[PDB]
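> okay, structure incoming, though there's no sequence with it:
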């Protein structure tokens, strides 16, 4: 019992839904986890993008199966609204949707994309903020390059509570 041992169920949310497998976005925005529906528990027909789920990682057998990245196991659904939100009263930063990260990932993570955040002088982009399926409240939208967004960064350490808002 140290915390660097085994016996930890990892929490995350569905970001990519294929009919065979999918990708779960990590709770702490570490990376995307390859998960197969073949090892899923429940009814996959009722799954959607942004659904909280609990699961363990299949580290049992060989750490470098085919390419180090191994599948998930025992994926179950979680209660909604259990993912915490950043503590910000009005808002932290605004910006415009810059570009979906397509060539940044060899395996195409472009779902996540990056927003260009304005500096304190409100002139240029500082670095890059990544947005999560959970943060994409307006995930229904065709939110694309050139759309203005307002969000709040705090404990999420990224663009969270992303609301597509158009200013007069």
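Received the coordinates, thanks. Numbers count the residues shown, from 1 in each chain.

> gap between stretch 17-34 and the chain center?
With CA atoms, centre = their mean, to the nearest Å as the basis, stretch 17-34 stands 8 Å off its chain's centre.

> please apply the same query to stretch 34-41.
With CA atoms, centre = their mean, you get 18 Å for stretch 34-41.

> what do you get for stretch 134-144?
Its chain's average C-alpha position is 12 Å from that of stretch 134-144, according to CA atoms, centre = their mean.

> buried ones in it, by neighbour count?
Buried residues in stretch 134-144, counting neighbours by 16 or more other CB atoms under 10 Å, are found at 134, 135, 136, 139, 143. (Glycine included, C-beta is placed from N, CA and C.)

> looking at those, spot the one nearest residue 117.
Set against residue 117, the nearest of those by CB to CB is residue 135 (13.8 Å).

> OK, contacts around the closest one?
Neighbour list for residue 135: 151, 156, 158, 159, 160, 161, 162 [criterion: CB atoms under 8 Å, 6 or more residues apart in numbering].

> go again using 6 Å as the cut-off
Shown in contact with residue 135 (CB atoms under 6 Å, 6 or more residues apart in numbering): 159, 160, 162.

> ok so, going back, of the buried residues of stretch 134-144, which belong to helices?
Judged by DSSP state H, helices contain none of the buried residues of stretch 134-144.

> nearest to residue 46 among the residues you listed?
Nearest to residue 46 among the buried residues of stretch 134-144, counting by CB to CB, is residue 139 at 17.1 Å.

> separation between the closest one and residue 151?
As judged by CB to CB, to the nearest Å, residue 139 and residue 151 stand 13 Å apart.

> need the overlap of contacts for these two.
With CB under 6 Å, 6+ apart, residue 139 and residue 151 have no common neighbours.

> before we move on, the earlier item: any idea which of the buried residues of stretch 134-144 is closest to residue 76?
Set against residue 76, the nearest of these by CB to CB is residue 134 (17.8 Å).

> verify the stated contact: the closest one with residue 11.
No - between residue 134 and residue 11 there is no contact under CB atoms under 6 Å: 11.3 Å.

> state the distance from residue 69 to residue 44.
Counting by CB to CB, the gap from residue 69 to residue 44 is 21 Å.

> returning to that earlier point: now the buried residues of stretch 134-144 in TSV, with distance to residue 38?
Formatted as TSV, the buried residues of stretch 134-144 follow (distance: CB to CB, whole Å):
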residue	distance to residue 38
134	25
135	29
136	27
139	26
143	32
